[PDB]
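Chemist: Sharing a structure, written as C-alpha cells. Questions coming.
Here, each number is a calculation from the coordinates, and none is a lab measurement. Here the Cβ positions follow ideal geometry from the backbone for every residue, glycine too, while neighbour counts run over all protein chains shown.
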Amino acid sequence: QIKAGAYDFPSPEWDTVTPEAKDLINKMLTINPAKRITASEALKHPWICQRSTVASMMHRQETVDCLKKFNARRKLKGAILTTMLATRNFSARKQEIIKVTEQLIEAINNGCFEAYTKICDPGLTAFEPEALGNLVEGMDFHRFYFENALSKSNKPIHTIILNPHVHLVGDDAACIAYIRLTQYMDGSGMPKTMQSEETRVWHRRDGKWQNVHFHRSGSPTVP
Amino acid sequence: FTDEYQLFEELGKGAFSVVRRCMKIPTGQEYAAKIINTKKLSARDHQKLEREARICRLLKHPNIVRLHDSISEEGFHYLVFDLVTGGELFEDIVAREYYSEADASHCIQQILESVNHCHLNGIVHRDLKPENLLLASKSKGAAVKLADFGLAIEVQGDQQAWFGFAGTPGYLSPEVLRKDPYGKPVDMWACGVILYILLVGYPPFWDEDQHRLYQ
C-alpha cells in the first residue's frame with residue numbers, strides 16, 4: 001500500500017476537511033521523493049503559514065474519539081521485545097499451497113509413488129538428511145524409500161504440520177516453510193516423536209502446483 | 001527346466017537374472033531362458049516381474065517377443081522367451097548399404113502392428129524406444145520385435161488415468177509431462193518420435209537441459 005501510495009479520503013469524516021489540508025497531505029505523500037514537498041516548502045503552504053484564513057476551526061470530535069483508539073492500540077502493540085507470531089489468516093492462494101503440500105506428505109506416508117511423481121517436478125532437487133549434505137536431483141533418490149520402506153513397514157505414524165508460512169512470489173510461484181512433527185512406533189514398540197524443518201518451493205506448471213525443490217533439516221522422515 | 005529344455009551359452013546377466021541360449025530337446029527348438037535367482041528377488045521386484053510375465057503371456061504376435069513358458073524350481077524361476085539374434089533395429093540400419101523411406105515405412109508398419117496388438121489387449125507399453133526395437137535374427141528380412149514390457153501397464157478399455165511418471169525423456173508424451181491422466185496415445189507419440197528419427201537420424205526434441213527438453 002505504501003509503495004503504491006494507496007490512501008484515500010473516505011467520507012464522511014473527510015468531507016469536512018478543507019481542500020488545503022488534503023492538498024498538503026497529497027504533496028507530502030508523493031511516491032516519488034524527487035517531487036515530494038520539502039520542509040521549507042511546506043512551511044510556506046497556505047494551510048501552514050495562513051492557518052488563520054485557511055484551516056478550519058470546527059471541532060473534530062470523531063478525530064478525538066478515533067485517536068483515543070489509535071493511542072490505545074499503539075500502547076497495546078508496544079512490543080518491549082521481539083515478538084514473532086505465526087500465520088493463521090491465510091488467503092485462498094496460500095491455502096492452496098498448504099493443501100498441495102499436505103497432499104504430497106500424505107502420498108509419502110502412504111507410499112504412493114504415482115501421486116508423488118504427479119505432484120513433484122521431474123527436475124526436483126533436494127537437500128535432506130538422507131542425502132548426507134548432497135544436493136540430489138530427480139526422482140531416483142526418493143524412489144528407493146517408496147519401493148521399500150514407505151509401504152513395506154507396517155507401523156502407525158501420525159504427521160503434524162506446525163506453523164506453516166507461505167510466501168507468494170508471483171502468480172505461479174510460492175514458497176512454504178513448516179515444522180514436520182512425526183509420531184511413530186519404534187522397534188521396541190514404544191511411541192516416539194521426531195521433528196524436521198522443511199522448505200518446499202512450488203511452481204504452477206500446466207495449471208498444477210508442482211514441487212521443484214525442497215530442503216529438510218532435522219530428523220530424516222523415515223523413522 | 002532341465003526337465004525338458006537344455007541350457008547353453010550366456011547372452012546376458014542382470015542383478016537377479018541370467019539369460020542363456022536354450023533348446024527344447026523334445027522338439028529341437030531354440031529359445032532364450034531368463035533364469036531368475038528367486039532368492040535375490042525383492043518384494044517390489046517380485047511385484048513387477050509378476051506383471052511383466054502376465055502381460056507377456058497375454059500378447060501373442062509376430063512383432064512381439066513371445067513368452068513361451070513359465071516354470072519354477074527351488075528358488076529359481078524360468079521364463080522362456082523367443083530367441084532374438086538380430087540386435088537393435090537402429091544398429092542394423094546403420095550397417096545397411098541402402099536405406100529409404102520405404103524401408104522405414106516397413107519398419108514402422110511392424111511397430112504399429114505390435115502397438116495395435118498391445119492396445120487391442122488393453123496394454124500400454126509406455127517405453128517405446130530404440131533399445132526395445134529388436135530384429136528376430138540377422139536374416140536379410142528378419143522381423144522387427146517389440147521387447148521389454150517392464151514398464152507396461154494394464155488399462156481398462158479407453159479409460160484414462162495417471163499411472164505415474166515413467167518412460168524415457170526423449171520419448172515422453174506431452175500429457176505425461178503435463179501430469180495429466182493418459183493411456184494408449186502415449187505410445188503413438190513415442191512412435192512419432194521414432195518415425196522422425198528413422199527418416200533423418202536425429203531426434204525431433206533434444207536439449208542439454210532436460211527442463212528445456214520437456215518444454
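Chemist: Within region B:180-190, how many residues are in contact with a helix residue (DSSP H, G or I) (Cβ under 6 Å, 6 or more places away or on another chain) and either facing chain A (nearest Cβ under 10 Å) or more than 18 Å from residue A:118 (Cα to Cα) (or both)?
Modeler: Adding up the residues that qualify gives 3.
Chemist: Okay, moving on. Quick one: which residue in B:177, B:146 is more than 14 Å from chain A (Cβ to nearest Cβ) and touching a helix residue (DSSP H, G or I) at 6+ places or on another chain (Cβ under 8 Å)?
Modeler: Working: B:177 fails: more than 14 Å from chain A (Cβ to nearest Cβ).
Criteria check complete, one pass: B:146.
Chemist: A follow-up question, please. Can you list residue pairs whose Cβ atoms sit under 9 Å apart, with the first residue in region A:64-84 being assigned to a helix (DSSP H, G or I) and the second being surrounded by 10 or more Cβ atoms within 10 Å (Cβ to Cβ) and not hydroxyl-bearing (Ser, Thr, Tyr)? Count only pairs 6 or more apart in sequence or on different chains.
Modeler: The qualifying pairs are A:66/A:13.
Chemist: Continuing with the same structure: For region B:10-18, does any single residue satisfy the condition of being within 30 Å of residue B:201 (Cα to Cα), of a type outside the set (S, T, N, Q) and in contact (Cβ under 8 Å) with a residue 24 or more places away in the chain?
Modeler: Looking through region B:10-18, none of the residues is within 30 Å of residue B:201 (Cα to Cα), of a type outside the set (S, T, N, Q) and in contact (Cβ under 8 Å) with a residue 24 or more places away in the chain.
Chemist: Follow-up question, since we're still on this one. How many of the residues in region A:88-106 are within 14 Å of chain B (Cβ to nearest Cβ) and in contact with a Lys or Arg (Cβ under 8 Å, 6 or more places away or on another chain)?
Modeler: Residues that pass the stated criteria total 1.
Chemist: Provide a single number: the residues in region A:31-48 that are part of a loop (DSSP other than H, G, I, E, B), surrounded by 13 or more Cβ atoms within 10 Å (Cβ to Cβ) and not charged (D, E, K, R).
Modeler: Going through region A:31-48, the residues part of a loop (DSSP other than H, G, I, E, B) turn out to be A:31-32, A:36-38, A:43-45.
From the residues that got through so far, the ones that are surrounded by 13 or more Cβ atoms within 10 Å (Cβ to Cβ) too are A:36-37, A:45.
Of the ones still in play, those that are also not charged (D, E, K, R) are A:37, A:45.
Adding up the residues that qualify gives 2.
Chemist: Residue check: is residue B:164 in a helix (DSSP H, G or I), more than 21 Å from residue B:101 (Cα to Cα), within 14 Å of chain A (Cβ to nearest Cβ) and out of contact with any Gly (no Cβ under 6 Å at 6 or more places or on another chain)? Let's see the steps before the verdict.
Modeler: Working: in a helix (DSSP H, G or I): no; more than 21 Å from residue B:101 (Cα to Cα): yes; within 14 Å of chain A (Cβ to nearest Cβ): yes; out of contact with any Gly (no Cβ under 6 Å at 6 or more places or on another chain): yes.
The answer is no for residue B:164.
Chemist: Continuing with this model, one more query. Considering region B:192-215 alone, what residues qualify as being within 14 Å of chain A (Cβ to nearest Cβ) and without any contact (Cβ under 8 Å) to a residue 12 or more places away in the chain? Don't jump to the end; show me each part of the working.
Modeler: Going residue by residue through region B:192-215, those that are within 14 Å of chain A (Cβ to nearest Cβ) are B:207-215.
Correct list: B:207, B:208, B:209, B:211, B:212, B:215.
Chemist: Please work out which one of (1) touching a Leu at 6+ places or on another chain (Cβ under 8 Å); (2) without any contact (Cβ under 8 Å) to a residue 40 or more places away in the chain; (3) hydrophobic (A, V, I, L, M, F, W, C) is the condition residue B:165 fails and give its number.
Modeler: (1)
Chemist: Among the residues of region A:115-154 satisfying the criterion of being over 21 Å from residue B:47 (Cβ atoms) and exposed (fewer than 13 other Cβ atoms within 10 Å of the Cβ), which is nearest to the other protein chains (Cβ to nearest Cβ)?
Modeler: Among those that are over 21 Å from residue B:47 (Cβ atoms) and exposed (fewer than 13 other Cβ atoms within 10 Å of the Cβ), it is A:135.
Chemist: May I ask you to verify whether residue B:133 is closer than 30 Å to residue B:30 by Cβ, touching an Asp or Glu at 6+ places or on another chain (Cβ under 7 Å), in contact (Cβ under 8 Å) with a residue 60 or more places away in the chain and away from chain A (no Cβ under 14 Å)? If you could, list the steps in order and put the result at the bottom.
Modeler: Working: closer than 30 Å to residue B:30 by Cβ: yes; touching an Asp or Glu at 6+ places or on another chain (Cβ under 7 Å): yes; in contact (Cβ under 8 Å) with a residue 60 or more places away in the chain: yes; away from chain A (no Cβ under 14 Å): yes.
When the stated conditions are applied, residue B:133 passes them.
Chemist: Which residue, of A:138, A:78, is of a type outside the set (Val, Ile, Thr) and over 24 Å from the mean Cα position of the chain (by Cα)?
Modeler: On the way: A:78 fails: over 24 Å from the mean Cα position of the chain (by Cα).
The match here is A:138.
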